[PDB]
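Student: using only what follows, build the 3D model:
(chains A and B, ligands or ions: 5)
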Amino acid sequence: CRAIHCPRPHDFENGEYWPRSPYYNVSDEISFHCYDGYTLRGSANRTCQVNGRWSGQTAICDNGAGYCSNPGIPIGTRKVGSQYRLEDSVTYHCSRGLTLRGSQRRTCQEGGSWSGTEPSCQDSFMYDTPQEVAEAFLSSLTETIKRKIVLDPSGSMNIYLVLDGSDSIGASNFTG
Amino acid sequence: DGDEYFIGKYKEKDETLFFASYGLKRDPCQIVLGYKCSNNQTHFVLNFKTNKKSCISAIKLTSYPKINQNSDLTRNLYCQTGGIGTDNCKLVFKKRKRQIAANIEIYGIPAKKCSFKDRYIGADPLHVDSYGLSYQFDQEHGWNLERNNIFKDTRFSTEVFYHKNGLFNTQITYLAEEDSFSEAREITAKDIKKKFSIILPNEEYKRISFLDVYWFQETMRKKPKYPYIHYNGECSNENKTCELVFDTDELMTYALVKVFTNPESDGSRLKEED
Ligand SMILES: *[C@@H]1O[C@H](CO)[C@@H](O[C@@H]2O[C@H](CO)[C@@H](O[C@@H]3O[C@H](CO)[C@@H](O)[C@H](O)[C@@H]3O)[C@H](O)[C@H]2NC(C)=O)[C@H](O)[C@H]1NC(C)=O
Ligand SMILES: *[C@@H]1O[C@H](CO)[C@@H](O[C@@H]2O[C@H](CO)[C@@H](O[C@@H]3O[C@H](CO)[C@@H](O)[C@H](O)[C@@H]3O)[C@H](O)[C@H]2NC(C)=O)[C@H](O)[C@H]1NC(C)=O
Ligand SMILES: *[C@@H]1O[C@H](CO[C@@H]2O[C@H](CO)[C@@H](O[C@@H]3O[C@H](CO)[C@@H](O)[C@H](O)[C@@H]3O)[C@H](O)[C@H]2NC(C)=O)[C@@H](O)[C@H](O)[C@H]1NC(C)=O
Ligand SMILES: *[C@@H]1O[C@H](CO)[C@@H](O)[C@H](O)[C@H]1NC(C)=O
Ligand SMILES: *[C@@H]1O[C@H](CO)[C@@H](O)[C@H](O)[C@H]1NC(C)=O
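Tutor: Numbering: from 1, shown residues only, chains lettered A, B, ... in the order given. Ligands and ions are numbered 1, 2, ... in the order given. Sure, the structure comes next:
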């Protein structure tokens, strides 16, 4: 069982990160700095905890001269496609040992957004803590005010709860 | 076709302050020519400000795709700070899950002749008000009537408040058919304070019978706090000059007043109601 290290930035376009190391330890901190004329969006001071992800939002340097904005270049994932106009798509993929979770390709929408979720580089040991899972489930399912689940007027919703009877646990009638 | 939301009156002989297309699903916008945004699920705010010697005259926002909802049920566009007649306003518009794009054009006119008397009056104001709607009367007493096709609100008894195309409108109190329109007055931004009054002639053929007020005001919320407009004293035949004071919870930006005169009027108008 190997010591917990932290994914190295496969690239940080239009800026720099301080410091640069072949591998990052636990609780190591990086300062993300932008070049001139590029505005930062995300966490600059980022330290990555025992979960394996850096604290805060991904740091992006943007110039703001397109239809949609820079989707960011997450840590360990490298971006192909510098065109941010409409109908333009970018590709994301991970380095050795990392698996991509998100959108393999994001296409700029006519609303001004990208079609899909922000990709990330994940490993086998990494797990999502229950608290952020609940937060994301609430954010996706509900609308913050408190919170509420709105629907179309004079309309209802349907839920399809699907379980797996695989030969892994399947014990005592789905205990829990 | 698109959903067109209007603040003020369009003029064909003027120029536009700027024109930009905004992706409402972008987070955040693109700062075009140096103007800031604030975009949320339920709100879109443009902190526009111009560097020219001119005053804003109108604002028009076109939302796509077109969604079949009446625009007179509630209010969508409003300049939170400033407004029409100023050089800058914090323009707030509330979005929907279907609207994904917007196209904002803003018009300004030279600050020298910064007046709106030439566009809110029309050809014949006798039958048609500023809203462009015809006047309707009742034969019970030969007086005016009420309209129920726009956004209205009430606070106290016999209080009239109308909101259409960014215009806030009130009538004090009622108008007869035989009355003849005399003239109108305007109030500029430089003459506007927290509290102010007016003086009007009330002699010979200039006997005051009915007044109407149209204005542009700011909001601190989606639901506005209407100004407390009340008449002071009695506009009787003895006092030659009648006056009216205004008390404002929120600062006004523009004010227009129309004067209706009838020598045969008794100076008081109120229905047989309690
Ligand atoms: C980040 O963490 C690593 C590992 O925790 C630090 O490496 C330090 O030096 C060696 C080189 O890998 C580590 O390995 C061990 O060193 C002993 C000598 O004490 C040697 O017999 C073996 O090579 C053994 O594997 C060592 O654990 C580690 N030092 C300490 C105190 O744990 C590295 O310095 C950390 N910082 C950076 C910027 O990399
Ligand atoms: C969605 O985003 C919009 C902005 O795009 C949020 O509207 C803004 O909400 C803040 C806080 O509720 C308002 O600030 C207020 O400022 C006054 C100034 O004195 C202060 O007294 C209040 O206590 C409050 O802090 C701000 O005015 C408001 N802007 C507009 C244009 O309405 C909205 O709250 C967001 N909705 C969320 C996060 O659910
Ligand atoms: C035309 O004027 C009407 C009278 O003016 C108001 O009332 C008095 C006079 O009746 C004015 O002077 C006051 O007189 C008091 C004695 O009765 C003094 O004690 C007092 O200090 C003051 O000098 C007064 O200034 C004036 N205003 C008010 C608020 O009282 C008025 O009744 C009519 O409404 C007005 N016509 C209009 C406004 O159309
Ligand atoms: C980031 O951290 C460094 C030291 O850890 C600090 O000097 C700097 O001000 C921080 N940047 C911020 C808070 O934006
Ligand atoms: C699981 O359920 C079946 C029938 O529903 C029952 O026969 C069995 O005893 C249950 N297992 C338990 C209680 O551990």
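Student: mind listing the helices for chain A?
Tutor: Counting by DSSP state H, chain A has helices at residues A:130-141.
Student: quick one: contacts for whatever residue of it ends up closest to ligand 1?
Tutor: The minimum distance from chain A to ligand 1, using Cβ to the nearest ligand atom, falls at residue A:25 (3.8 Å). Where you see a C-beta, it was placed from the backbone N, CA and C, and this is true even at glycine. Residue A:25 is in contact with A:3, A:4, A:5, A:6, counting by Cβ atoms under 8 Å, 6 or more residues apart in numbering or on different chains.
Student: which of the residues you listed are buried?
Tutor: residue A:6 (16 or more other Cβ atoms under 10 Å in any protein chain shown).
Student: need the contacts of residue A:25 in JSON lines with distance to ligand 2, can you?
Tutor: What follows is those, written out as JSON lines (distance: Cβ to the nearest ligand atom, whole Å):
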{"residue": "A:3", "distance to ligand 2": "41"}
{"residue": "A:4", "distance to ligand 2": "36"}
{"residue": "A:5", "distance to ligand 2": "37"}
{"residue": "A:6", "distance to ligand 2": "32"}
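Student: among the contacts of residue A:25, which ones lie close to ligand 4?
Tutor: Among the contacts of residue A:25, no residue sits close to ligand 4 (Cβ under 6 Å from any ligand atom).
Student: and the contacts of residue A:25, which is closest to ligand 4?
Tutor: Minimum separation from ligand 4 among the contacts of residue A:25 (Cβ to the nearest ligand atom) is found for residue A:6, which lies at 16.7 Å.
Student: stretch B:222-236: end-to-end distance?
Tutor: Start-to-end span of stretch B:222-236 (Cα to Cα, to the nearest Å) is 40 Å.
Student: could you check whether that stretch is close to ligand 3?
Tutor: Yes. Counting by Cβ under 6 Å from any ligand atom, ligand 3 has neighbours in stretch B:222-236: B:233, B:234, B:235.
Student: wait, what's in contact with the first one?
Tutor: If a contact means Cβ under 8 Å, 6+ apart, then residue B:233 has B:239, B:243 as its contacts.
Student: what is the burial count for residue B:261?
Tutor: Residue B:261: 20 surrounding residues under other Cβ atoms under 10 Å in any protein chain shown.
Student: same check, this time on the one 4 residues further on
Tutor: Residue neighbour count, defined by other Cβ under 10 Å, stands at 18 for residue B:265.
Student: what does the one 3 residues further on give?
Tutor: Burial measure for residue B:268: 9 neighbouring residues, criterion other Cβ under 10 Å.
Student: can you tell me which helix or strand it belongs to?
Tutor: Following DSSP states H and E, one finds residue B:268 outside all helices and strands.
Student: measure the nearest residue to it once chain neighbours are set aside to residue B:242 for me?
Tutor: In space, and not counting its chain neighbours, residue B:268 is closest to residue B:234: 7.8 Å by Cβ to Cβ, 6 or more residues apart in numbering or on different chains. Per Cβ to Cβ, to the nearest Å, residue B:234 is found 9 Å from residue B:242.
Student: who's more crowded, the two?
Tutor: residue B:242 (22 against 11).
Student: and chain A, which residues reach chain B?
Tutor: With Cβ under 8 Å from any Cβ of the partner chain as the criterion, chain A meets chain B at residues A:64, A:65, A:66, A:67, A:68, A:69, A:109, A:110, A:111, A:112, A:113, A:143.
Student: count residues in the vicinity of the residue nearest to the fourth one when sequence neighbours are not counted, would you?
Tutor: With Cβ to Cβ, 6+ apart as the criterion, residue A:67 has its nearest non-adjacent residue at 4.6 Å, and that residue is residue A:86. Other residues near residue A:86 number 15, with proximity taken as other Cβ under 10 Å.
Student: and the closest residue to ligand 3 within chain A, how many neighbours?
Tutor: In chain A, the residue that lies nearest ligand 3 is residue A:145 (47.6 Å; Cβ to the nearest ligand atom). Around residue A:145 sit 7 other residues, with neighbours defined as other Cβ under 10 Å.
Student: which stretches in chain A count as strands?
Tutor: For chain A, the strands defined by DSSP state E cover A:15-18, A:29-34, A:39-41, A:45-47, A:60-62, A:77-80, A:89-94, A:99-101, A:105-107, A:120-122, A:143-144, A:147-148.
Student: quick one: closest of those strands to residue B:87.
Tutor: strand A:39-41 (26.5 Å; Cβ to Cβ).
Student: helices or strands up against the closest one?
Tutor: On a contact count with 3 or more Cβ pairs under 8 Å, 6 or more residues apart in numbering or on different chains; DSSP states H and E, strand A:39-41 meets strand A:60-62.
Student: quick one: strands adjacent to the strand it packs on?
Tutor: Using DSSP bridges, strand A:60-62 pairs in its sheet with strand A:39-41 (antiparallel).
Student: buried sites along the partner strand?
Tutor: So, applying 16+ other Cβ under 10 Å, buried residues of strand A:39-41: residue A:41.
Student: so what touches that strand?
Tutor: The contact list for strand A:39-41, computed with Cβ under 8 Å, 6+ apart, reads A:15, A:32, A:34, A:57, A:59, A:60, A:61, A:62, A:63, A:64.
Student: starting at the chain centroid, how far to it?
Tutor: Computed by Cα atoms, centre = their mean, to the nearest Å, the separation of strand A:39-41 from the middle of its chain amounts to 17 Å.
Student: alright, I will stop here.
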